[PDB]
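Below is one structure; the comments refer to it alone.
Proteins come first, then strands; the chains are lettered A, B, ... in the order of their sequence lines, and each starts at number 1. Order of listing sets the numbers, starting from 1, for every ligand and every atom in it. Only this structure's heavy atoms are used, side chains among them; waters, hydrogens and symmetry mates stay out.
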Protein chains: 2
Amino acid sequence: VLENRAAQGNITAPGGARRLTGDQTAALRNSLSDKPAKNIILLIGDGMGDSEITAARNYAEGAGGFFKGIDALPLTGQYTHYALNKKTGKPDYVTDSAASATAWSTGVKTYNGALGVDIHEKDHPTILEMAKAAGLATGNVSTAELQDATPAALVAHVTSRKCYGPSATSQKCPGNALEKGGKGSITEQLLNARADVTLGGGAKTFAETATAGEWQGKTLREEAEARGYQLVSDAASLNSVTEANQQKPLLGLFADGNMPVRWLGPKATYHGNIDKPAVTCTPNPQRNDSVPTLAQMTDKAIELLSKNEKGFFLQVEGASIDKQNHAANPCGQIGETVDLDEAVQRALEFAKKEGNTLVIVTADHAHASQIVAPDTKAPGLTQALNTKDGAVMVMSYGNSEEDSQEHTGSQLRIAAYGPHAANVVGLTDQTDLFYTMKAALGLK
Amino acid sequence: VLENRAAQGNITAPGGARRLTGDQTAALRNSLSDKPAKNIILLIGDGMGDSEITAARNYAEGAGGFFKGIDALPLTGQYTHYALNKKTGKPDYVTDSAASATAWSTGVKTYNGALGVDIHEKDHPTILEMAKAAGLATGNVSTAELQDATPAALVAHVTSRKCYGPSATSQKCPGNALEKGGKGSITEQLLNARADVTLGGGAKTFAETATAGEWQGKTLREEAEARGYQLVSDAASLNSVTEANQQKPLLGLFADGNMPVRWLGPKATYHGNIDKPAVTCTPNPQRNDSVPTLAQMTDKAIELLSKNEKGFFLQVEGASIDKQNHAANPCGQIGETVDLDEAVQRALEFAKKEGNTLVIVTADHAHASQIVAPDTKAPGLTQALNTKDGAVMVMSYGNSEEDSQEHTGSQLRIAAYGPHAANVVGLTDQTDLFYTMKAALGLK
Ligand SMILES: [Mg+2]
Ligand SMILES: [Mg+2]
Ligand SMILES: [Zn+2]
Ligand SMILES: [Zn+2]
Ligand SMILES: [Zn+2]
Ligand SMILES: [Zn+2]
């Protein structure tokens, strides 16, 4: 259970590339605690498989480097995340964000596209809904639009992830539409969920006015206000927030759609590793100084939430790792993995200081990006990059001919630190994660 | 620690997909032993990254299934395996078998192609040479030609993995050529090394004649015998062996080149998942019942080796997972993973019964194969397969336009069982493994 995993010296010399100093047996033994967890922080890097972690590490820290947050969690294991075919109820080997998010927040497998409901479309309670009942403070932050599948799965029970607001739901999830007697669209269900801290993007859908209920005729943004929600939309305002609870809930909408990616770089191309020069990522010029970073929202959330004596549950998500992976854009993707590392460092720092906090870093499913040989002549999209090592790393994207690269089904890394983290070691399922949290928090 | 990680029951019902039956903490704390290990069995799945394990589990065992061998090692982590650029000494992100094998057996990074030497071409001892010197019995089994990089890295110090016999070394490694005062080719160095048990393929190279020294003029097979080596070429004759030591070492040559793969299936093709029907793998009609399985060689090796009270070191390799991966042949590739699983079961069973053995299952590097959606339209090679779940699974190979699929650089799974297994947890490096075995065996 070591904190420093960088290569220890000259990597060309005997034992120069070792990440271990001594024997972990004792340190590890001392990391094993099955005492209760007062708090739980779940960081999800959407689409961040082992391939994604290695590429970003090579680039940003060098092959022999180590993410001070991401790679610093002592207990590790691999976990499966297959979905189910709605009709046959047989495994669908490649899940989407909705079906996977539903498994870790609910504990039951479901079809791709479902939020908070099993394949019979029967809804089950989420871990956020349960923490809220037990008395715990709750938080949900993401760099994606709030209506998106990963954050939404924590507060919504919809049969299709496309049922963002009033209009969308009417046609795509009519049985869910408030009018037809349903609980409502994703945005309305979020507004009803009423977690203490909810931060992200997706202000666009709050411009939709409801079609029924008390706030019918009034936009969803107005409803939020007419319900006690403190609305913040930039860095300075979030910062001013002094508190958030069931009387003063916090709702941050920092973007119309998704929040802006950290780095800019070009899209991979056919033979781009052999036709075009090596690229060096650069800060995204269009990201306004006032849009909060993932680490800042995570920081602010942990603060307000830590003011609760019963404890808290917080889910943080680095959404655009996945999205940029789909876009076949190495830089945006690596930049988003770097961003998330920052959030994890903030998470861990509090954890070691608090002592009863269980922190977990993982992903919902694997993705397309592959690290390959510099001289690789691939059928898909490639790009050469200038890593921190002063060397070149080529990235490959070859599982789709469409405009979007595809998710993949390989099992991936799950890492934890804190009381009950041993339940992450070995082979487990995406559903175990749910039970691990339910048990650590004593929400049973 | 759990020896049963298959889904609990109905994967479509809450808690049904779970693999955990309880809290791992105490079971996991009781597996953490830092007492010395008397023996070590290192099983390597060549090119078996996490992706290769999942695809083989979904096919052979079902998504919710579980490899009774591969998936049963309690302590897990992920490790980096980058090679070095010979010139600059900067990291080379995608390693070849020779430089990765050299790393775990030697503890020093090296360039791709190098067996047993650092970037300066300076020779460094391997873990087998150390075990042998300490008095421990040694074994080296694999399903590839014995001169291949994985087995070779343990007994040979060559500048190019191409220097198999006398004729290729003269021209390709003249500084190693016996005639030039060099230690000799790979085969000649294997014969000198003198491990107690050596099993695999690659007999054709033994037909070459030494160009200098004590056995100059005699083919390599003759030198083998002349030096007290017992030679066995089939299942039967292997079965009838009762001992193997420094007085009568064993040498199995079961194939001219590599041993034949277990399953037959078509090669993945362009748009193979949409244009060609789903496939069910079958037994390879070319494999003789005369040819022992990796499980059989493993078992026999453990029996003969286990007669040394002082200990033994053994390395097993399911070689063709890699080779079939390059060939874009899902069936051959999965058959080789199923086969390596039988070997890990033999290893594990012995280890639980002996109690002082450290068992480690990993791979040398990641490869091409990816698990993707059945409806996927990819630029590379694809194929649909009928799994045990009665569902279709599509596998994609898309990082090369040439006739061979490339390795990839993603960190991959490393798992262990036994004394000093806690050193496999978390993030580590391939070189760390060398040090982990040295200190477990007290080979210091
Ligand atoms: Mg997401
Ligand atoms: Mg090999
Ligand atoms: Zn996702
Ligand atoms: Zn995605
Ligand atoms: Zn290999
Ligand atoms: Zn290979």
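Taking backbone and side chain together, B/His326 holds an N, O or S atom under 2.8 Å from the Zn ion (ligand 6). Coordination check, B/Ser142 versus the Mg ion (ligand 2): failed, since every N/O/S atom of the residue sits at 2.8 Å or beyond. With 2.8 Å as the limit, B/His365 does not count as an N, O or S neighbour of the Zn ion (ligand 6). Among the atoms of B/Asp46, none of the N, O or S atoms falls under 2.8 Å from the Zn ion (ligand 6). The distance from the Mg ion (ligand 1) to the nearest N/O/S atom of A/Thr150 is under 2.8 Å.
Between B/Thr187 and B/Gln147, the side chains place a donor N or O and an acceptor N or O closer than 3.5 Å (distance only, hydrogens not considered). If you check the side chains of B/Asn399 and A/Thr376, you find no donor sitting under 3.5 Å from an acceptor. In the model, B/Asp96 has no side-chain atom that pairs as donor or acceptor with a side-chain atom of B/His407 under 3.5 Å. A donor and an acceptor atom, one from each side chain of A/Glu52 and A/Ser369, are located under 3.5 Å apart.
Side-chain contact between A/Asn325 and A/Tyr397 is present, with heavy atoms from C-beta onward closer than 4.5 Å.
For A/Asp46, the N, O or S atom closest to the Mg ion (ligand 1) goes by the atom name OD2. Restricting A/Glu317 to its N/O/S atoms, the shortest distance to the Mg ion (ligand 1) is reached by OE2.
Within 6.0 Å of the NZ atom in B/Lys172, the count of heavy atoms belonging to other residues, nucleotides or ligands does not exceed 12.
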